Structures are given as C-alpha cells and as structure tokens.
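Here the structure comes first, spelled out in structure tokens, and everything after it is commentary.
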Ligand SMILES: *[C@@H]1O[C@H](CO)[C@@H](O[C@@H]2O[C@H](CO)[C@@H](O[C@@H]3O[C@H](CO)[C@@H](O)[C@H](O[C@H]4O[C@H](CO)[C@@H](O)[C@H](O)[C@@H]4O)[C@@H]3O)[C@H](O)[C@H]2NC(C)=O)[C@H](O)[C@H]1NC(C)=O
Ligand SMILES: *[C@@H]1O[C@H](CO)[C@@H](O[C@@H]2O[C@H](CO)[C@@H](O[C@@H]3O[C@H](CO)[C@@H](O)[C@H](O)[C@@H]3O)[C@H](O)[C@H]2NC(C)=O)[C@H](O)[C@H]1NC(C)=O
Ligand SMILES: *[C@@H]1O[C@H](CO)[C@@H](O[C@@H]2O[C@H](CO)[C@@H](O)[C@H](O)[C@H]2NC(C)=O)[C@H](O)[C@H]1NC(C)=O
Ligand SMILES: *[C@@H]1O[C@H](CO)[C@@H](O[C@@H]2O[C@H](CO)[C@@H](O)[C@H](O)[C@H]2NC(C)=O)[C@H](O)[C@H]1NC(C)=O
Ligand SMILES: *[C@@H]1O[C@H](CO)[C@@H](O[C@@H]2O[C@H](CO)[C@@H](O)[C@H](O)[C@H]2NC(C)=O)[C@H](O)[C@H]1NC(C)=O
Ligand SMILES: *[C@@H]1O[C@H](CO)[C@@H](O[C@@H]2O[C@H](CO)[C@@H](O)[C@H](O)[C@H]2NC(C)=O)[C@H](O)[C@H]1NC(C)=O
Ligand SMILES: *[C@@H]1O[C@H](CO)[C@@H](O[C@@H]2O[C@H](CO)[C@@H](O)[C@H](O)[C@H]2NC(C)=O)[C@H](O)[C@H]1NC(C)=O
Ligand SMILES: *[C@@H]1O[C@H](CO)[C@@H](O[C@@H]2O[C@H](CO)[C@@H](O)[C@H](O)[C@H]2NC(C)=O)[C@H](O)[C@H]1NC(C)=O
Ligand SMILES: *[C@@H]1O[C@H](CO)[C@@H](O[C@@H]2O[C@H](CO)[C@@H](O)[C@H](O)[C@H]2NC(C)=O)[C@H](O)[C@H]1NC(C)=O
Ligand SMILES: *[C@@H]1O[C@H](CO)[C@@H](O[C@@H]2O[C@H](CO)[C@@H](O)[C@H](O)[C@H]2NC(C)=O)[C@H](O)[C@H]1NC(C)=O
Ligand SMILES: *[C@@H]1O[C@H](CO)[C@@H](O[C@@H]2O[C@H](CO)[C@@H](O)[C@H](O)[C@H]2NC(C)=O)[C@H](O)[C@H]1NC(C)=O
Ligand SMILES: *[C@@H]1O[C@H](CO)[C@@H](O[C@@H]2O[C@H](CO)[C@@H](O)[C@H](O)[C@H]2NC(C)=O)[C@H](O)[C@H]1NC(C)=O
Ligand SMILES: *[C@@H]1O[C@H](CO)[C@@H](O[C@@H]2O[C@H](CO)[C@@H](O)[C@H](O)[C@H]2NC(C)=O)[C@H](O)[C@H]1NC(C)=O
Ligand SMILES: *[C@@H]1O[C@H](CO)[C@@H](O)[C@H](O)[C@H]1NC(C)=O
Ligand SMILES: *[C@@H]1O[C@H](CO)[C@@H](O)[C@H](O)[C@H]1NC(C)=O
Ligand SMILES: *[C@@H]1O[C@H](CO)[C@@H](O)[C@H](O)[C@H]1NC(C)=O
Ligand SMILES: *[C@@H]1O[C@H](CO)[C@@H](O)[C@H](O)[C@H]1NC(C)=O
Ligand SMILES: *[C@@H]1O[C@H](CO)[C@@H](O)[C@H](O)[C@H]1NC(C)=O
Ligand SMILES: *[C@@H]1O[C@H](CO)[C@@H](O)[C@H](O)[C@H]1NC(C)=O
C-alpha cells in the first residue's frame, strides 16, 4: 500500500531514564521554629494536590534492587549533614587531662563519672577549674586517675549547634519537567518483574527520614499479609527485609533528670555539659509488649516456610559480634542517641506445631561517629529534663547463617549496618521514566504540493 | 667535614595530643629555607 | 475527554491521538511547581553557603528542561511543519521499514509497542524528512514565483 509518513508530537511513550530529583519538602510559616537540618535551604513548599492518574492496560517491569533513588538518597543524607555543620564550633580545647572520680559510694553494677579540668574565662590568659558529668563510654584512661576523651588522637569533635534540630520531617521526592515517576499498586509485589497496575505520580508520599539499625521505626505498612522480601534468598550475605501489616508499639524513656551548665569557650561561643542529677540514678530502658510480639512472630515464621519448607524448624538467635552500631538497636529520639540491648526479643524456637511487657536495657553515649569517616566525630548537647518517646515497629532486617550441614533447623538473626536497607524498603514501588514526544506513523495524508 | 653544607639539623617544641604539653621534635631543613635571627 | 498526564498510555494509536496537547504542556509548563525556587525571605548567616549549593541543583533542572525542549521544536522547522501538532510530510512509506497494513496498527496497537518496532529505523525515517522539504523550499517555490 502506498502510504506517507505523518509526524505526531505529544505521543504518550516512555524510555527508562536516570536523573536527579527534587527534594520538595512540606512547609509552613516557621516564624519561630529553629532552623531544621533535614529541610530548610534545600526544599521548596509542596504541591498540595498530587493527582494519581491511573493508567489502563499498562504493564511495566520494576526492579527495587537496581534503583537509583535509594542510591542518591544515601548520598543526599551525607551531604545534608556535611553542609549544615560548617559554621558549628569545634571542641578543640577539651583535649586535656581530667581529674575524675566515681559518683556513687556503693557500686551495684557505675554509669556517670565526675570530672574536673581547666577552662579559660573571658580574658584569655586566666584559667579556672570547671567540672562536668561524662558517661563512662565517652572517657578512656591515659595511664587521680587522669582521663581524657575517646578521640583526641584523630578526630576534631565538632559540637552540633544548639540552634539546630534533627527530627524526622517528610521529604517528597519530585521529578522536574520531562520526567515522571511511576508507582506500582500490585499488592503481591515482591520487588521484581512485571507490575500489572501502574499509575503516574507527580510526587511520592512523605517519607520520614529515621536512621536506625535492626528494626524499622515509623515505616510504611503492608496491605494484607506479612511481606518477606530478599534478593537471592539462598545467598547468605543478603539481608532479609520483613514488613508488617500491623504496627507493634514501643515505649522508651530516660528516667533520670538533668540540667545544663554553660561553660564558655570563646567570645560568643559556649559549650553545654551535664551538671547535676536532681533525683535518682536510673537506667534508660524500652518496653515491647510480649503478647503482640509473640503473635507478630507467628506471621514471619508462617511465610518463611513457603520459601524453605513446611516441616522445618525455625529458630531466632541474637547476634555474633561487632560494634554498638550493629549488635544493638540504635535510635535518634528526643535529641539523644540510645543503643538498646535486644537479646530479649530475638530468642525463641518454632516447631510447626495480657499486659506483661518485655523490658530492654539501654545505653547512652554522646560522642557518636556516624558513617565512620576518618577523623570526624559529632557531639549532641544534653537535653534539659527527662525524655519520652512512643514509636511503632514496622519491619525487621534479618539475615541467615547457612553453613553446609544436613540439619532441618534454620536460624535467623537481626542485621545492622548499611543504611541502604532503610531506604530500599520504602522506595521499592517506584521507577523514573522519560517522555519522548516525537513519533512517526504511516498514513494517507500527502502534504499537497 | 665541610667540602662545599646543604642540609641543617634543627630542634623545636611541638604540642602532643593534649594541647598543654610540649615535647622536643627535630627535622632536616635545607639551608635556603632557614635564616638567622641573631646555638645559634 | 482529558484523563490527565499520560492517561492515554494504554489506549490505542487511534484513541490516544486525541490527547496530544497534554504531554506537550506538561513537558514544559509543569515547571510551575518549580517557580517556587524564589524562596521565602531567608534569615541571617549560618548556612549562607547551603543556600547556593542547593541553588544550582534546582537550576540545572530548570535550564536542562528548556534546552532539551527547543531542539525538538526546532527539528519540526527543518521538516517544514512548525507549530502544527499534526503535520504530513509527503515521504513514501517504504515497505521494508515495517509491516502489516494500515488498519491493524490504529485499532489494536499502542504507541509504546509501535515505537519498539520502528525505533530501529528512526534515523533513516528522519533522513528523508529533511530532503523532501529542501527540494520544495529552494527549488519549487523560487521556480513557481518567477513562472
Ligand atoms: C516515630 O513517630 C512518632 C510520632 O510522631 C514520633 O513521636 C514524636 O516525637 C517528637 C520528638 O521531637 C515529639 O515532639 C515533642 O513532643 C513533646 C510532647 O510534649 C513536646 O513537648 C516537644 O516540644 C519541644 O520540642 C523541642 C524539644 O527540645 C523544643 O525546642 C520545644 O521548645 C519544645 O520544648 C516536641 O514537640 C512528638 O510529639 C512525637 N509525636 C507524638 C504524636 O507524640 C517519634 O519520635 C518517631 N520515632 C523516632 C525514633 O523518631
Ligand atoms: C519474585 O517474583 C518473581 C515473579 O513473581 C519471581 O520470578 C520467577 O522466578 C522463577 C524462578 O524459578 C521463574 O521460574 C523459572 O522460569 C524459567 C523460564 O523463565 C524456567 O526455565 C525455570 O524452570 C523456572 O520455571 C519464573 O519464571 C519467574 N517469574 C516470572 C514471571 O518470570 C521471583 O522468583 C520472586 N522472588 C523470590 C525471591 O521468590
Ligand atoms: C484496554 O484496551 C482495550 C483495547 O483493546 C480497551 O477497549 C476494550 O477493547 C475490547 C476489544 O476491542 C472490547 O471488547 C472492550 O469492550 C473494550 N472496552 C470497553 C470499556 O469498551 C479497554 O477499555 C482498555 N482497558 C480498560 C480497563 O479500559
Ligand atoms: C569507680 O568505678 C569503677 C567501675 O566499677 C571501678 O573500677 C574497677 O577498677 C579496677 C581497677 O583495675 C578493676 O580491677 C575492677 O574490676 C573495676 N570494677 C570494680 C567493680 O571494682 C573503680 O574501682 C571505682 N573507683 C574507685 C576509686 O574505686
Ligand atoms: C561532682 O564533683 C563536684 C566537685 O568535684 C561536686 O561539687 C561540689 O558539691 C559540694 C556539695 O556537697 C559543694 O560543697 C562543693 O562546693 C562543690 N564543688 C564545686 C567545685 O562546685 C559535685 O557535687 C559532684 N557531683 C555529683 C553528682 O556527685
Ligand atoms: C591514641 O592511640 C594510641 C595508640 O593506639 C592509644 O594508646 C594505646 O597504645 C597501645 C600501644 O600503641 C595500644 O596497644 C593500646 O590499645 C592503646 N590504647 C587504646 C585505648 O587504644 C591511645 O589510648 C589513643 N588515645 C585515644 C584518646 O584514643
Ligand atoms: C527535673 O528537674 C527540674 C529542676 O531542675 C524540675 O523543674 C522544677 O519543677 C518544680 C515542680 O513543678 C518547680 O517548682 C520548679 O520551679 C522547677 N524548676 C525549674 C528550674 O524549672 C522538673 O520538674 C524535673 N522533672 C521531673 C520529671 O521531675
Ligand atoms: C505505651 O504507652 C502508652 C501511653 O502513652 C500506653 O497506652 C495506654 O495503655 C493503657 C493500658 O492498655 C491504657 O489504659 C491507656 O488508656 C493507654 N493510653 C492511651 C493514651 O490510650 C501503651 O499501653 C504503652 N504500650 C506498651 C507496649 O507498654
Ligand atoms: C545473646 O548474646 C549475648 C551477647 O551478645 C550472649 O552472651 C554470652 O553468653 C555466654 C554464655 O553462653 C557468656 O559466657 C558470655 O559471657 C556472654 N557474653 C557477654 C558479652 O556477656 C548470649 O549467649 C546470646 N544468647 C542468649 C540466648 O542469651
Ligand atoms: C544483653 O542482655 C543479656 C541479658 O538480657 C546479657 O546477658 C547477660 O550477660 C551477663 C554477663 O555475664 C550475665 O551475667 C547474665 O546472666 C546474662 N543474662 C542472661 C539472661 O543470660 C548480655 O550480656 C547483654 N549484652 C551485652 C553486650 O552486655
Ligand atoms: C503508630 O501506630 C498507631 C496505631 O496504628 C497509629 O495511630 C492510629 O491508630 C488508629 C487506631 O485506632 C488507627 O486507626 C490510625 O490509622 C492510626 N493513625 C493515625 C494517623 O491516626 C500511629 O499513627 C502510628 N504512628 C505513625 C507515626 O504513623
Ligand atoms: C656550619 O656550616 C656553615 C656553612 O659553611 C659554616 O658557616 C660559616 O660561618 C662563619 C660565621 O661567620 C663564616 O665566617 C664562614 O664563612 C662560614 N663558612 C665556612 C665554610 O666556614 C659554619 O661554621 C658551620 N657550623 C659550625 C658550628 O662551624
Ligand atoms: C639530627 O639530630 C638529631 C638529634 O638532634 C639526631 O638524632 C639522634 O641520633 C642519635 C644516633 O647516634 C641517637 O642516639 C639520639 O637518640 C638521636 N636523638 C633524638 C632526639 O632522636 C640525628 O641523628 C641527627 N641527624 C643527622 C642526619 O645527623
Ligand atoms: C509464643 O506462642 C507460641 C504459640 O502459642 C508458643 O509455642 C511459644 O512458647 C510462645 N513464646 C515464644 C517465646 O515463642
Ligand atoms: C507445604 O504447604 C503448602 C500449604 O498449602 C502446600 O501448598 C505445599 O504443597 C506443601 N509442600 C510440601 C512439600 O508438602
Ligand atoms: C533466651 O531464651 C531462654 C530460653 O527460653 C530464656 O531462658 C532466656 O531468658 C532468654 N534470654 C533473655 C535475655 O531473655
Ligand atoms: C526500502 O528499504 C530498503 C532497505 O532499508 C532499501 O534497500 C530500499 O531501497 C528501500 N526502498 C524501496 C524498496 O523503494
Ligand atoms: C492485512 O494483513 C493481514 C495479515 O497480513 C490480513 O489478515 C488482512 O486481511 C489484511 N487486510 C486488511 C486488514 O484489510
Ligand atoms: C534491529 O536491528 C538489529 C541490528 O540489525 C537487528 O538484529 C534486529 O533484528 C532489528 N529489530 C527489528 C525489530 O527490526
């Protein structure tokens, strides 16, 4: 048939693409609100009306294990902290000798230590004795006795500004013009292959950036059942992402009361430290209910057995070593940094057939090094008053041991230190596409000479 | 025994980790990069 | 009916050719969500550098969206049909490019799977478009003027 090309512009076709998205946070007046590191000078106020245009007949292939949104969220998070902490004061004078001692007179199991050191007055030629109350994790020994901080060898401990506030605030990742984001709505999506229900979205829902290990706090829930999700299930070195359909609540506190000193450093730059224990010394702890935790493990075992076998025995162990960042459960709540001992949750067997809460003891330290960069460290100023937190547990990160024996007993352990498992468990249903408007098609049109 | 020297061997104080304690350190500076004030 | 942006992605070539103005205005004028980059009145110092490091990353996606748009609008001016969202270019459809017959294309194929078959030949289909227009503009129109 004798036909002639016609040219169409605006035709709805796609190619897969890679690009850099928009931070796009939510916004208010914030006239008295303290500058907040997660947003401010990075984000723009959010389209208040996302439109989820449901497509017909479209079947697209997604892959959550090769996504770039997870790979640039981990790069922005380092760049959001590293750009806020340029103006902040360095704590270089505090690398001195400390005349410290115990706080109590009768040791039961101590925690705090009471120190003494010199510090400059206003005029920088006069020296005075000042004290503070440092935790014992943040103090090491030189040789009555004389102590010093944990990192005077290599690191410059940058005091986090007091006008700052670190806090989960929902970031919406948006695409600029010429790009689009596609959302899966299939409820059985294990993470790869075709998604038979696709809808274009302007901007994703608001994920709350929380940096935790071994357990996923304030996450997004499943839809019908528990969703077990991993890459190459028979491979040991791959983590196993678990996602709940119902939240499991937690209650955390620091039950001792504290105030702040105001030991100055220089003209206009002070330093905060722990001053007094107004009350009684108590250990920080967290509660998980037991009847809800024993039923939430009744579902994770149930759908592990569809991947391994019905007649197998499924057991949970606790850990096998490492630093505090990967043997325990890390938080960021209320301005302090809790590292709770979770050897009481992950301890049971399963054999294929009211109000009593599980208490979790918990440590505190205030000189943290996040991402383990060489010669860098942070410092969290103390919070005046006791701290209270309430959170949900929506998900786990297990890992499988698997040596070469013949036994029918699998053992699953919680896993820690890689932040890309926190983000890959949230942006799994997305893909960015490119919009190519020109197209050609044969017809009977003939320009008319 | 001088034939025509080039390097010089020096000594000075330098702070340890704790910035209130001073120790003796040395180095080997070229003679073009060292001038005289007034052993010596 | 307008279903919104990309709503006709699963429809036929016949039924999705009704919606061509949607993917054109949202190819540029979806930037109205980016003109918020003139931000609120900033405070004093302490992160004055963070204000401009994140200012370039907002502006590379503004400029890159503009200067990828003009080179696809200009290319329609080379073929002889600028402005029109539908033009006809008077180049014979060689039957080695594709297949069946005219009528199983517009009734039960989508543009996405159509684009797959003809993507292999797109640089030679774009080759004849700039040749059947040059023969008309410099030869025919200056001859039909004086004759
Ligand atoms: C998981 O999500 C939960 C639910 O949102 C979240 O709990 C929230 O924690 C924040 C912690 O900042 C709470 O905010 C505080 O709430 C108390 C309640 O009395 C207020 O007093 C606080 O006001 C102070 O805020 C600053 C603290 O110094 C001061 O600058 C200020 O002047 C006030 O003194 C503050 O608003 C928030 O209320 C809860 N949410 C609920 C619903 O209770 C939890 O933190 C998340 N988990 C993790 C690990 O982040
Ligand atoms: C997540 O879901 C996807 C799809 O639901 C799973 O992909 C499926 O993987 C199995 C692996 O055995 C594929 O079966 C094999 O197919 C090949 C031919 O493609 C055949 O030679 C083999 O004998 C076997 O039948 C299956 O095709 C594939 N699904 C699709 C739609 O292609 C994936 O395994 C799931 N992930 C996990 C961890 O279970
Ligand atoms: C998916 O595309 C089809 C085109 O094949 C749409 O139209 C249907 O076409 C079949 C076969 O031509 C008819 O039997 C149906 O009656 C058509 N649908 C309607 C509503 O008339 C179809 O509509 C598209 N899918 C959806 C969900 O709209
Ligand atoms: C302050 O508390 C610490 C923590 O218990 C005490 O540390 C002891 O240090 C000695 C020194 O070698 C060790 O042999 C002990 O094992 C440590 N623990 C205990 C429980 O004795 C320290 O003794 C306390 N300070 C003073 C002055 O007694
Ligand atoms: C930590 O040690 C300091 C001194 O090293 C204690 O401060 C003293 O408290 C007594 C109260 O009986 C006062 O009479 C002294 O004048 C204080 N000394 C100074 C220099 O202020 C402080 O009480 C200790 N803290 C704890 C929790 O034991
Ligand atoms: C700074 O580093 C030195 C070297 O590691 C620490 O001193 C001790 O040095 C001996 C021999 O070099 C090691 O076997 C010890 O393990 C070191 N002790 C510790 C606690 O690491 C010194 O303590 C370090 N100082 C600080 C503040 O970390
Ligand atoms: C923690 O300690 C502070 C004091 O440092 C307590 O605040 C006092 O509370 C009483 C009772 O309401 C008031 O009479 C005082 O005026 C308060 N003092 C200050 C400086 O504000 C606070 O209540 C304590 N927190 C807890 C939970 O016991
Ligand atoms: C965590 O703390 C909350 C309180 O903030 C607890 O909620 C209360 O639970 C008791 C017992 O069921 C009820 O009588 C109260 O009415 C609840 N408070 C509210 C505001 O509804 C919750 O039980 C705690 N969770 C755990 C696991 O201990
Ligand atoms: C849970 O983990 C802890 C440490 O993380 C293990 O504790 C050790 O238990 C053995 C007894 O088999 C003791 O000899 C060790 O001293 C303990 N370690 C420490 C650091 O104290 C424990 O075995 C694990 N399992 C259970 C079921 O508690
Ligand atoms: C985490 O908690 C467990 C218990 O919940 C700790 O195990 C205890 O370890 C000490 C050290 O010898 C023993 O005296 C106790 O008998 C152990 N408890 C039980 C129930 O066996 C474990 O050590 C804690 N983790 C760390 C790192 O200390
Ligand atoms: C943490 O979990 C609780 C329990 O789901 C959430 O609180 C609400 O609980 C009621 C139960 O009566 C549900 O119907 C609501 O859907 C829950 N959400 C809201 C927004 O009301 C609580 O919101 C969870 N925390 C977060 C941060 O989402
Ligand atoms: C170290 O070497 C220098 C370089 O030769 C010697 O410098 C002499 O300094 C005296 C002082 O006035 C001059 O008069 C000489 O001309 C210099 N050169 C020579 C070759 O003598 C210096 O003497 C040497 N140090 C010592 C301690 O002898
Ligand atoms: C530079 O001078 C230093 C001392 O000023 C010399 O170092 C001494 O070398 C001797 C070797 O015979 C050692 O016994 C001493 O302990 C060293 N002193 C110190 C402080 O380490 C060094 O050898 C000189 N360099 C040259 C090239 O002559
Ligand atoms: C939880 O419940 C199951 C079934 O009722 C029971 O076998 C088990 O002992 C309980 N406790 C734990 C720690 O699994
Ligand atoms: C395991 O149990 C499931 C439950 O329905 C069943 O479909 C499957 O056939 C069982 N497999 C074996 C090997 O018994
Ligand atoms: C671990 O399990 C054993 C056996 O059920 C139990 O006796 C022990 O208390 C558990 N450990 C912790 C820390 O609760
Ligand atoms: C059609 O295409 C083939 C190969 O692309 C070419 O050899 C031929 O000259 C074209 N034109 C015809 C058959 O008119
Ligand atoms: C077009 O071609 C197909 C198969 O090559 C044939 O079945 C049909 O009769 C042809 N003619 C039409 C649709 O007019
Ligand atoms: C596309 O071109 C390649 C290279 O010649 C060829 O192998 C392939 O068959 C072509 N596909 C189509 C649909 O023409």
The correct pair for chain C, radius of gyration to one decimal and Dmax as a whole number, both in Å and from Cα atoms, is 22.1, 75
At the level of C-alpha centres, the distance separating the range A:138-215 and the range A:33-69, in angstrom, is 15 Å
Tilt, helix C:50-67 to longest principal axis of chain C (alpha-carbon atoms), in degrees rounded to tens, equals 10 degrees
Note to self: C-alpha centroids of the range A:280-308 and the range A:76-93 sit apart, in Å, by 37 Å
Taking every residue of A:39-49, the Cβ atoms of other protein chains inside 10 Å of its Cβ average out to 4
For the range A:140-278, Rg(Cα) over 2.2 N^0.38 Å is 1.66
Expected sort for A:389-395, C:67-73 on mean C-beta neighbours within 10 Å, highest first, is A:389-395, C:67-73
Expressed to two decimals, the range A:71-197 has a Cα Rg over Rh, using the Kirkwood radius, of 1.22
Correct semi-axes for the range A:292-449, from √(5λ) of the alpha-carbon gyration tensor and rounded to whole Å with the largest first, are 43, 30, 17
Expected integer from the mean partner chain Cβ neighbour count at 10 Å over A:431-441 is 5
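When the convex hull of the C-alpha atoms of chain A is computed, what volume per residue in Å³ does it have?
Cα-based convex hull of chain A, divided per residue, equals 242 Å³.
How big is D, in µm² s⁻¹, for the range A:1-119 by Stokes-Einstein at 20 °C and 1.002 mPa s if Rh is the Kirkwood radius over C-alpha pairs?
On the way: Rh = 22.3 Å.
The diffusion coefficient I find is 96 µm²/s.
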Protection proxy (average C-beta count within 10 Å per residue), highest first, orders A:199-210, A:18-29 as A:199-210, A:18-29
Per residue of C:61-69, other chain Cβ atoms within 10 Å number on average 3
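Here, each number is a calculation from the coordinates, and none is a lab measurement. With ideal geometry, Cβ positions are generated from the backbone for all residues, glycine too; neighbour counts draw on all protein chains shown.
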